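Residue numbers (PDB author numbering), protein chains in the order written: chain A, 56 to 164; chain B, 56 to 219; chain C, 165 to 219; chain D, 220 to 272; chain E, 220 to 272; chain F, 220 to 272; chain G, 3 to 55; chain H, 3 to 55; chain I, 3 to 55.
We treat Cβ as the ideally placed atom computed from N, Cα and C, and that holds for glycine.
Each remark here refers to the structure printed beneath this line.
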Amino acid sequence: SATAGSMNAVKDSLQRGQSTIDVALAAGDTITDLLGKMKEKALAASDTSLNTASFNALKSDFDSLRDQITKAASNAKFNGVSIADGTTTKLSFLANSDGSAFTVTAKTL
Amino acid sequence: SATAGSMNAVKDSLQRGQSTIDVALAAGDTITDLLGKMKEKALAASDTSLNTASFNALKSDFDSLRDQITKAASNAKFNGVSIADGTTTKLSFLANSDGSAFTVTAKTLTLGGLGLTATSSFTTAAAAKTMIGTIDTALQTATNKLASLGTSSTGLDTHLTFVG
Amino acid sequence: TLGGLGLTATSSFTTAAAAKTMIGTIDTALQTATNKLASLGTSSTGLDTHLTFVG
Amino acid sequence: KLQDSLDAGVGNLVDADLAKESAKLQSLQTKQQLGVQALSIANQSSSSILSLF
Amino acid sequence: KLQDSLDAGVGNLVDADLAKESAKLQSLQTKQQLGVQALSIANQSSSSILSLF
Amino acid sequence: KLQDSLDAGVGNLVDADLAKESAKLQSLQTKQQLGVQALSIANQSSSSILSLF
Amino acid sequence: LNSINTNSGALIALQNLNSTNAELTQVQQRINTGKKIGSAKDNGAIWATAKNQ
Amino acid sequence: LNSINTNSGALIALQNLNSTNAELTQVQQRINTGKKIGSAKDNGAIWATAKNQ
Amino acid sequence: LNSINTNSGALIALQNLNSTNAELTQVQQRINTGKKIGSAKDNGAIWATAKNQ
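See below:
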């Protein structure tokens, strides 16, 4: 009975891991949109028919989107922990009542 | 739960920043139109076939449009704060519940921020020919500043979606 | 009380920077309040368990 | 344009999100019916010991 | 001719293709009605367990 | 020309902007239907406690 | 315990039902006004700021 | 699961409905202006290039 | 979002419709006068130069 009762902590931990990954996926939505716009800027700037002012405007937009990536990745935290901000190599959530881990490898964004 | 509830203040701040940038972009519409008309005046005044009366009329129109730029930039305020009137270097809006900032660098749209002065003008056709390039530079820097403000507004909106 | 939470009867802010610091001050006050209330709840449960034993 | 921005900003400050309120309303009505049922259950406690006499 | 080329080029840069927008508009209006219906379906979840009490 | 300026100025002082009024009308009609629904919800409060007796 | 004079469980159940009824009153006000901050009682600072704006 | 206080599915459904409403606002702006890039917010570099041209 | 009191999208749509109506008024003036610069308001310097000439 005590073993069955300790499974509530295991379930809390697995739900915590799902929440952490959810926040990472929301930040990843932001980041993949930013990367698509950045590729559009670099593709336009490689055309040689552009004058200098158009090239500079594209470069300025590209740099701003690049800084926004840093902001998005740094904010991808769920109650002080992140799977995507680069601050750890992995998070380990409870897999069973003995405390064996359910590893989730960090994916730095 | 208290952390989730404090995100309402973060959302209010990000929406406030979008409103401030909206007012700056409306004033910037006015200012880029004025700069285009001013370049048209300077371009016409550099022609040497003009008689003195036509040159003076163009100079008078140019000076009036220049003063209108100052009015437009000074009125670009949203509830007492501006990102474009030159009174601050940046505005910082809330990014998260700990109070970390979402910076928006100020983009000054006044005559001084455009590389002009309250007395910029031309008295000869040669000075008007130089003013052509001066106004081209002012319009280019104005559109670059407004493009940066628009990218900052889109970044605020994307962060607001994430905060929700 | 305000003193038990790490605040005073005059705690306030007069500038945006002071308010930014007050954010962390209030976070600490709320955290210490919830810890104190959690201790009181555990003490109440311990009293109830002892009352069952005494019966 | 400035008047429209000020009015939209007032709306940002005070307006309810009614789509969110519809969900809160349904769940609160269920919660109220459950609370009335729970109160009915609690009201029954005195009658359990009538059988002992 | 150069002024016409510059104006047509500005149009190439900024103008919407309205024939494409008409299709996007119809599909988005359908998608919005379906989203309101899906939210109504999600709002109903709390009332399912009222029958158990 | 002066009579036309005076008449246009009277129009500036008193005339409604009907394009803006059409938006206000649609939103107010929605708001009125929601108010009738909210009043119906408030009317139901007395019947909740009938189950306790 | 096994009292006929005091129903502590009914007292708590009534407190919880009253809390639910209060949340329901708040949601009804948001629905009929369209405002999450409809008066000074809801949030005085934001209400006053919106009034001035 | 089987909660009466939190409707996670309604929260997600509201996020998806808000995403649809945002796309609809964008298409409406393209229709009334005739521009896919009508302001600096749409694409700042292309907008500035078109303004100068 | 999902407000019944403020229609920001309608405010922007009205601004865009007013901009179109203003351009239409300008084209009507050019058609009935035959002049792109028919008054001092259109372009004061060129208007005054043409008046003197």
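query, result
"Looking only at its chain, what residues have a beta carbon closer than 7 Å to the beta carbon of B/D118, apart from the 5 residues adjacent to it on each side?", "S176"
"Can you give me the Cβ contacts of A/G141 inside the same chain, cut-off strictly under 6 Å, excluding the 5 residues immediately before and after it?", "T163"
"Please classify D/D236: does DSSP put it in a helix, a strand, or coil?", "coil"
"Find the residues of chain C that neighbour B/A57, judging by a C-beta separation of less than 8 Å, and give them in chain order.", "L194"
"Any beta carbon from chain G within less than 8 Å of F/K250's own beta carbon?", "yes"
"Between which two residues does the beta strand (DSSP E) holding A/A82 run?", "Counting along the chain, A/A82 falls outside any beta strand (DSSP E), though it belongs to the alpha helix (DSSP H) covering 57-100."
"Does the separation of the CB atoms of E/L258 and H/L3 fall below 8 Å?", "no"
"Taking Cβ positions only, does B/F217 come closer than 8 Å to chain A?", "yes"
"In this structure, how does DSSP classify H/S41 when only helix, strand and coil are distinguished?", "coil"
"To the nearest whole angstrom, what separates the beta carbons of D/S246 and E/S265, a pair I think is in contact under 8 Å?", "5 Å"
"Per DSSP, which residues does A/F157 bridge with? Please list them.", "A/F148"
"According to DSSP, simplified to helix, strand and coil, what is E/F272?", "coil"
"When you compare the CB positions of A/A108 and A/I138, do they come within less than 8 Å of one another, or not?", "no"
"According to DSSP, simplified to helix, strand and coil, what is B/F117?", "helix"
"Considering only their Cβ atoms, is the gap separating B/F133 from residue 30 of chain B smaller than 8 Å?", "Outside the shown range of chain B, which is 56 to 219, sits residue 30 of chain B, and nothing can be said about it."
"Output the distance between the C-alpha atoms of H/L26 and E/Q248, rounded to the nearest integer angstrom.", "7 Å"
"Pull the bridge partners of A/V136 from the DSSP assignment, please.", "A/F133"
"Name the residues in the region 195-209 of chain B whose C-beta lies less than 8 Å from a C-beta of chain H; which are they?", "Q195, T198, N199, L201, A202, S203, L204, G205, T206, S208, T209"
"B/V218: buried (16+ other C-beta within 10 angstroms of its C-beta) or exposed?", "buried"
"Between the region 5-26 of chain H and chain E, which residues of the former have CB atoms less than 7 Å from a CB of the latter, in chain order?", "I6, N9, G11, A12, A15, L16, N18, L19, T22, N23, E25, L26"
"Say yes only if the C-beta of A/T143 is nearer than 7 Å to one or more non-hydrogen atoms of the ligand COA, and no if none qualify.", "You won't find the ligand COA in this model; it holds no ligand whatsoever."
"Taking the straight line between their C-alpha atoms, what separation do you get for C/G170 and C/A193?", "6 Å"
"Give the single residue among H/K43, H/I39, H/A47 whose Cα lies nearest to the Cα of B/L211.", "H/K43"
"Write down the C-beta distance between G/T51 and D/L232 rounded to the nearest angstrom, noting that I regard them as a contact closer than 8 Å.", "7 Å"
"Evaluate the contact criterion for the region 201-210 of chain C versus the region 113-128 of chain B: three or more CB pairs, one atom per stretch, below 8 Å.", "no"
"At least one CB of chain G closer than 8 Å to the CB of D/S270: is that the case?", "no"
"Below 9 Å on C-beta distance, what does H/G46 contact in chain A?", "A112, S115, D116, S119"
"Select from A/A99, A/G72, A/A97, A/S61 the residue whose C-alpha is nearest the C-alpha of A/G135.", "A/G72"
"Quick one: is residue 246 of chain B buried, meaning 16 or more other Cβ sit within 10 Å of its Cβ, or exposed?", "Within the shown structure, residues of chain B are numbered from 56 to 219, placing residue 246 of chain B beyond reach of any answer."
"Between C/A183, C/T213, C/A197, C/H214, which has its C-alpha nearest C/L166's C-alpha?", "C/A197"
"What span of residues does the alpha helix (DSSP H) with G/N20 cover, start to end?", "10-35"
"Does any C-beta atom of chain I lie closer than 8 Å to the C-beta of D/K220?", "yes"
"In chain I, which residues lie less than 9 Å from D/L225 when you measure between Cβ atoms?", "Residues of chain I passing the Cβ test: none, with the nearest at roughly 11 Å."
"Between D/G228 and I/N7, how many whole angstroms is the CB-CB distance? I'm expecting something under 8 Å.", "The pair is not a contact, with the Cβ atoms about 13 Å apart (cut-off 8 Å)."
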